[PDB]
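Accompanying notes for the structure given below.
Every chain is numbered from 1 and lettered A, B, ... according to where its sequence line falls, protein lines coming before strand lines. Just the heavy atoms: all of them, side chains too, but no hydrogens, waters or symmetry mates, feed the values below.
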Amino acid sequence: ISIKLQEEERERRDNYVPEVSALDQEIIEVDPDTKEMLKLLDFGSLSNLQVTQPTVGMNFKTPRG
Amino acid sequence: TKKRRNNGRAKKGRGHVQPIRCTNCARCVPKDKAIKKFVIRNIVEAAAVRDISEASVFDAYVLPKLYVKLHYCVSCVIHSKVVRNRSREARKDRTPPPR
Amino acid sequence: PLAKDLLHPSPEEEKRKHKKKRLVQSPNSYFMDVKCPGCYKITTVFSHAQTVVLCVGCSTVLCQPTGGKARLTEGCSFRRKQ
Amino acid sequence: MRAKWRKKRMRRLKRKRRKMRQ
Amino acid sequence: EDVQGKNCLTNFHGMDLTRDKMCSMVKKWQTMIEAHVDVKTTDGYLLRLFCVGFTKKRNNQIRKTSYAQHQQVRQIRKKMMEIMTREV
Amino acid sequence: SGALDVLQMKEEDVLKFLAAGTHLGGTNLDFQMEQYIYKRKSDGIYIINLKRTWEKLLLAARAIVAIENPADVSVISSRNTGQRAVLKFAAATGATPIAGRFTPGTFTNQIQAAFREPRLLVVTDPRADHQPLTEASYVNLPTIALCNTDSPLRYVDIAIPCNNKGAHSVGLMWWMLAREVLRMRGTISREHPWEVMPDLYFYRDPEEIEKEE
Amino acid sequence: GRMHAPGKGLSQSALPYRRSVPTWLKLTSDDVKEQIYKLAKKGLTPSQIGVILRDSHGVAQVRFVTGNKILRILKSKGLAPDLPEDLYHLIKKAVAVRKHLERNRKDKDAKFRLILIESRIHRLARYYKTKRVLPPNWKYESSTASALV
RNA sequence: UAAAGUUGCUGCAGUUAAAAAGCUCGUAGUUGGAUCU
RNA sequence: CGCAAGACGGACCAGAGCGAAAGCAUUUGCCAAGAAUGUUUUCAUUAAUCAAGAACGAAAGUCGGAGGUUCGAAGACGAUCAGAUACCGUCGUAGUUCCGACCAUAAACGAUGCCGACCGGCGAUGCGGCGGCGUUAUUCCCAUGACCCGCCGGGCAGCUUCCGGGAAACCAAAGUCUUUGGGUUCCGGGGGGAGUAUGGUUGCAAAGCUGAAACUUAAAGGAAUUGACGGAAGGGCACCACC
């Protein structure tokens with residue numbers, strides 16, 4: 001069915017917005033490597049981020065076979 | 001015409017592979033071309049588990065298993081339906097069936 | 001990808017290559033001046049040495065041959081040249 | 001006829017000819 | 001070797017692992033190393049001892065196989081034989 | 001950006017990108033996406049260079065703007081993650097949306113009911129939207145794509161390097177594209193933040209829909 | 001690829017572009033020449049002399065310090081060996097293989113390797129005869145070649 | 001004779017249509033890296 | 001429970017390794033050999049391919065000697081069958097095992113000559129080397145192993161791809177081919193006759209290498225497609241199927 005009223009209903013339902021954006025947060029955890037990326041991007045002076053420590057090891061591959 | 005890239009065996013990088021005898025017919029088939037099944041079986045069947053467990057002299061005996069490796073030739077493996085023919089595209093799939 | 005070009009730096013893509021396959025080939029080895037704490041003079045040792053070299057004033061094993069780079073003994077301070 | 005059996009037949013023919021031709 | 005008073009007195013003759021136990025350890029992506037020694041105790045009991053070991057997959061291993069190189073296997077076999085001889 | 005202070009990256013944009021995790025790629029790296037990454041992390045995640053992301057977004061916005069009839073640009077999303085974002089982008093910029101299943105032959109079968117002839121194509125993911133990508137190679141249709149680290153670049157003419165797996169990232173990417181297209185056209189202005197905010201473009205689960213009301 | 005093997009190895013030395021004497025190296029050309037003379041008198045082949053000078057004395061390349069190659073220096077001083085060291089080592093390997101094959105007659109692999117070694121010997125000897133390094137009547141015979149070793 | 005690029009120097013083929021020696025070594029033959037105004 | 005003999009070396013064992021191929025799997029020792037890697041070592045064109053010539057060459061087979069467990073051509077018997085001379089069963093000779101001579105052939109296959117250059121991507125794996133968080137063992141420093149993450153070089157392969165090719169199957173070579181020329185060896189020319197005859201040569205023999213013609217014939221053949229059929233597999237349906 002391709003009725004116009006269904007499109008109107010869908011577009012009204014999708015027209016939802018909160019008062020606070022989900023991207024509006026005080027603390028953003030950022031890894032040191034992306035911090036270096038920001039610093040080389042002329043954005044190392046931003047105080048909105050927070051140091052999250054890197055992972056202990058490099059165990060990210062799933063076991064083979 | 002060639003049906004399989006590996007010719008239905010795993011012989012890559014060597015000339016000769018020692019043969020083994022099929023457990024079903026005693027046919028000489030190469031160890032890489034032979035079709036291998038490793039069965040782990042309870043030595044007591046599911047129906048007989050209750051009787052043997054009740055008649056045991058110990059408590060929680062956990063019955064021993066049986067580890068048998070069967071090597072099949074292609075003919076006996078096909079007749080026994082261990083493996084079966086597949087479509088030309090499904091043939092290339094080496095992923096074992098779920099278990 | 002745009003070889004021998006200064007616009008995109010590639011020290012890291014050049015010393016990663018095989019030594020013979022570089023734009024201009026160059027060894028991956030070096031000579032190193034070694035001090036032994038018990039000794040008092042320089043010894044210039046090849047990094048991939050194949051000889052069990054001894055101190056020129058003593059009888060101490062400076063390094064041992066391995067498959068690749070030679071293995072130096074403990075305490076001997078080694079510094080690359082050039 | 002299988003090729004190897006025809007080859008065997010030809011071998012037997014040659015042997016018989018060698019025997020007869022002394 | 002003796003029977004006294006309707007009692008048979010036994011003595012050590014040998015030792016083995018059960019068939020299921022030894023079949024259960026032989027898995028297909030590891031090396032199994034076997035050694036054997038003919039060694040005599042201080043009482044004169046000559047014993048043939050067979051030792052078996054298997055290479056262990058590390059807890060963070062991604063590699064499927066845990067094979068030992070031939071010299072590593074020879075060193076392990078040497079250690080096994082030496083320890084068996086020392087203990088007997 | 002063209003080395004223009006008016007078109008350069010802002011602090012708010014970088015903060016939004018970091019909050020949405022747009023810089024976070026996958027553990028795999030397509031060899032044609034190498035120039036858009038910064039470095040691999042210790043856990044295998046590739047970091048996407050946000051300056052390159054901004055450059056490619058602005059180039060895509062320029063490509064979209066240089067089409068006078070806005071309905072001649074098609075914005076596609078087969079995945080559920082980008083359907084809402086694509087619909088909002090189409091409403092904002094006047095482009096034509098294809099959210100949901102893209103039936104094959106839409107660009108090639110002139111008899112079909114839904115037959116349309118776009119002048120530009122934008123997709124949410126080359127992998128998921130491979131059908132419109134392949135069809136674009138039949139009607140001389142250039143393509144703009146939101147490409148992750150492991151996205152294939154075949155039939156993609158302008159790739160925007162970004163995280164296209166997360167709902168926040170996809171919504172924010174479409175929101176920035178719409179904002180920049182509108183800014184370049186003449187509508188709205190760069191002297192003040194846009195009234196719309198990215199959460200409207202986001203995809204939300206029905207459970208979250210129920211919870212947040 | 002290898003002359004007598006299916007190997008396609010690439011491993012070899014990679015000379016640096018600069019042909020100058022290293023700054024660290026303080027040995028005069030004559031000092032390197034006397035060290036070469038001493039090592040030759042010790043009973044070493046030019047390859048061994050070069051290896052020792054590289055490993056211990058820091059002489060990266062003798063040709064770059066003295067302007068001459070080690071074999072040429074040994075010849076000019078008059079203490080170069082009778083036959084070239086590569087041919088000498090090939091003959092030594094052939095002698096070792098023949099000694100092994102005398103007491104191991106069922107080793108067909110050894111016979112095949114001996115054939116390869118003697119083919120290499122003959123090729124090198126023909127090249128040397130072309131360069132007048134060996135006398136034109138020189139021939140490798142496997143009856144008393146152990147004396148040549 | 002051309003057609004026959006079905007005798008292929010120009011200019012053919014040789015996994016499955018006819019076809020690469022079981023495999024190496026090896027003399028002749030053939031072919032041979034840069035470099036000197 | 002012992003003793004003896006002759007074979008064989010399971011599981012581990014893999015699209016893993018080594019070898020020129022054939023081929024190679026219990027421990028340990030001796031003997032000589034070898035690839036790759038490392039190398040700011042040495043020689044300095046010594047090279048590639050190869051008529052002649054030569055080494056090796058599965059199995060079966062031949063001669064002589066030793067041995068002879070198992071299996072087993074031939075053969076005997078029992079079955080099945082219209083018949084079976086075969087499949088199946090019980091035996092069983094040569095042989096299968098080893099030593100010394102012979103033979104030189106296999107679907108000896110990747111049905112794909114060797115050497116060199118260039119032309120995509122990805123994840124693995126084997127060896128060597130290089131670099132690096134962190135985890136374990138040496139119950140102590142460094143090192144060295146076992147892991148983990150990468151890089152480089154050869155290697156066995158795999159997946160993928162509108163590189164390109166091809167009749168296609170399919171092949172990162174079987175590509176860089178009418179936009180045709182990097183070097184070189186062997187070799188094919190419609191199907192049969194026929195790898196036959198004959199000659200030569202090799203062999204104890206069996207036979208191996210070389211190798212026709214008369215004559216006959218319009219196709220034989222390759223790849224793929226659709227059907228039909230299958231004593232091939234997997235499904236579905238009708239109380240003219242069953243329960």
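- I/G203: no Watson-Crick or G-U partner with both key distances under 3.5 Å is found in any strand.
- Here the side chains of B/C28 and B/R21 are in contact, with some heavy-atom distance below 4.5 Å.
- The glycosidic torsion of I/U42 lies more than 90° away from 0, which places this base in the anti conformation.
- Among the heavy atoms of the strands lying under 4.0 Å from B/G15 is at least one base atom, whether or not backbone atoms are also near.
- We find that G/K99 and G/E102 are not joined by a salt bridge, their nearest charged nitrogen and carboxylate oxygen being 4.0 Å or further apart.
- Base contact: B/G13 has a heavy atom under 4.0 Å from a base atom.
- Across all strands shown, G/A5 has heavy atoms under 4.0 Å from sugar-phosphate atoms exclusively, and none from any base.
- Nearest-nucleotide positions on RNA chain I place B/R14 closer to the 5' end than the other of E/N60 and B/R14.
- With a cut-off of 3.5 Å on both Watson-Crick or G-U wobble distances, the partner of I/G150 is given as I/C130.
- For the criterion of Watson-Crick or G-U wobble pairing, both bonds shorter than 3.5 Å, the nucleotides I/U28 and I/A66 do not count as partners.
- Between I/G75 and I/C91 there is a Watson-Crick or G-U wobble pairing whose two distances both come in under 3.5 Å.
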Completion exercise
Under the rule of Watson-Crick or G-U wobble with both distances under 3.5 Å, where | means paired to another strand and [ ] a crossing pair, RNA chain H maps to ....|......|.|||...|.|.||...|||......
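- With both hydrogen-bonding distances under 3.5 Å, I/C71 and I/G95 qualify as a Watson-Crick or G-U wobble pair.
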Practice task
Kindly indicate, with the supporting measurements, whether the criterion side chain to side chain contact (heavy atoms under 4.5 Å, CB included) is fulfilled by B/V39 and B/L66.
Solution key: CA-CA 8 Å; B/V39 315; B/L66 186 75; over 6 Å; no
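- Contact check for B/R84 versus B/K81: no side-chain heavy atoms found under the 4.5 Å cut-off.
- A heavy atom closer than 4.0 Å to some atom of RNA chain I occurs in G/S47, G/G50, G/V51, G/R54, these being the qualifying members of residues 47-54 of chain G.
- For H/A4, the torsion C1'-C2'-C3'-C4' is below zero, which places the sugar in the south, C2'-endo range.
- Because its glycosidic torsion is more than 90° from 0, I/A22 is reported here as anti.
- Classification of the C/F31-G/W24 ring pair by plane angle, with boundaries at 30° and 60°, yields tilted.
- In this structure, A/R64 and D/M10 both approach RNA chain I, and ranking their closest nucleotides by distance from the 5' end singles out A/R64.
- Nucleotides I/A137 and I/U144 satisfy the base-pair criterion: a Watson-Crick or G-U wobble arrangement whose two donor-acceptor distances both fall under 3.5 Å.
- When heavy atoms are screened at a 4.0 angstrom cut-off, E/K64 is found touching no nucleic acid atom at all.
- Counting non-hydrogen atoms under 4.0 angstrom, E/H70 reaches nothing in the nucleic acid.
- Residue contacts shown for G/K69 include a base, since a base heavy atom lies under 4.0 Å away.
- Going from the P atom of I/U97 to that of I/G6 covers 16 Å, rounded to whole Å.
- Annotation: salt bridge (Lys or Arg N to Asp or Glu O under 4.0 Å) contacts involving residues 114-123 of chain G, sequence neighbours excluded, comprise G/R98-G/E118.
- Here I/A167 does not sit opposite I/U96 as a base pair, Watson-Crick or G-U wobble, with both distances under 3.5 Å.
- Using a 4.0 Å heavy-atom cutoff across all strands shown, B/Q18 reaches at least one base atom of the nucleic acid.
- Taking the charged nitrogens against the carboxylate oxygens, G/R113 and G/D109 do have a contact shorter than 4.0 Å, which makes a salt bridge.
- Look at the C1' atom in both I/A106 and I/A52: the space between them is 28 Å, to the nearest Å.
- Residue-level contact check: D/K7 touches neither bases nor backbone, having no heavy atom under 4.0 Å from any strand.
- Looking at heavy atoms from C-beta onward, B/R91 lies in side-chain contact with B/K3 at the 4.5 angstrom threshold.
- Residue G/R18 is in base contact, counting any heavy-atom pair closer than 4.0 Å across all strands shown.
- More than 90° away from 0 lies the glycosidic angle of I/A224, which makes this nucleotide anti.
- Base pair annotation for I/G222 with I/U176: unpaired, by the Watson-Crick or G-U wobble rule (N1-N3 plus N6-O4 or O6-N4, or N1-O2 plus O6-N3, under 3.5 Å).
- For RNA chain H, the neighbouring residues in residues 118-127 of chain G, judged by any heavy atom under 4.0 Å, are G/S119, G/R123, G/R126.
- A salt bridge (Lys or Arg N to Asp or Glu O under 4.0 Å) check over residues 61-82 of chain E, counting only residues at least two apart or in different chains, returns the pairs E/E82-E/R86.
- To the nearest whole angstrom, the two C1' atoms, one in I/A206 and one in H/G11, are 48 Å apart.
- A positive value of the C1'-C2'-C3'-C4' torsion places the sugar of I/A16 in the northern pucker family.
- Base pair annotation for I/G113 with I/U184: paired, by the Watson-Crick or G-U wobble rule (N1-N3 plus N6-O4 or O6-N4, or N1-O2 plus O6-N3, under 3.5 Å).
- Base orientation at I/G15 is syn, since its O4'-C1' glycosidic dihedral falls within 90° of 0.
- By the Watson-Crick or G-U wobble test, with both distances required under 3.5 Å, I/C18 and I/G23 count as a base pair.
- Geometry at I/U62 and I/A101 meets the Watson-Crick or G-U wobble definition, both required distances lying under 3.5 Å.
- Across all strands, G/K106 comes closer than 4.0 Å only to sugar-phosphate atoms, never to a base (heavy-atom distances).
- The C1'-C2'-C3'-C4' torsion of I/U139 is negative, which assigns its sugar to the south, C2'-endo side.
- Taking 4.5 Å as the limit, some side-chain heavy atom of B/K69 sits within range of a side-chain heavy atom of B/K36.
- G/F64 comes within 4.0 angstrom of no nucleic acid atom, judged by non-hydrogen atoms across all strands.
- For I/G181, the sugar pucker falls south, since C1'-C2'-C3'-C4' comes out negative.
- Applying the Watson-Crick and G-U wobble criteria (two distances, each under 3.5 Å), I/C156 pairs with nothing in any strand.
- Among the heavy atoms of the strands lying under 4.0 Å from B/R88 are primed sugar atoms or P, OP1, OP2 only; no base atom is included.
- Shown here, I/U178 is classed syn by the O4'-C1'-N9-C4 or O4'-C1'-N1-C2 angle, which is within 90° of 0.
- The partner of I/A33 is absent, by the rule that a Watson-Crick or G-U pair needs both atom distances under 3.5 Å.
- Judged by the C1'-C2'-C3'-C4' torsion, which is negative here, the sugar of I/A25 sits on the south, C2'-endo side.
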Practice task
Take A/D31 and F/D43 through the test side chain to side chain contact (heavy atoms under 4.5 Å, CB included) and record every step on the way to the result.
Solution key: CA-CA 11 Å; A/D31 311 47; F/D43 71 325; 5.7 Å; no
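- Residue C/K19 is in sugar-phosphate contact alone, with no base atom involved, counting any heavy-atom pair closer than 4.0 Å across all strands shown.
- Taking a cutoff of 4.0 Å between a charged side-chain nitrogen and a carboxylate oxygen, E/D20 and B/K65 do not qualify as a salt bridge.
- Along RNA chain I, the stretch of nucleotides lying under 4.0 Å from any heavy atom of chain G spans, 5' to 3', I/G19 to I/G154.
- Among the atoms of the strands shown, base atoms are found under 4.0 Å from some heavy atom of C/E74.
- Using a 30° and 60° split on the angle between ring planes, G/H122 and G/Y140 fall in the perpendicular class, above 60°.
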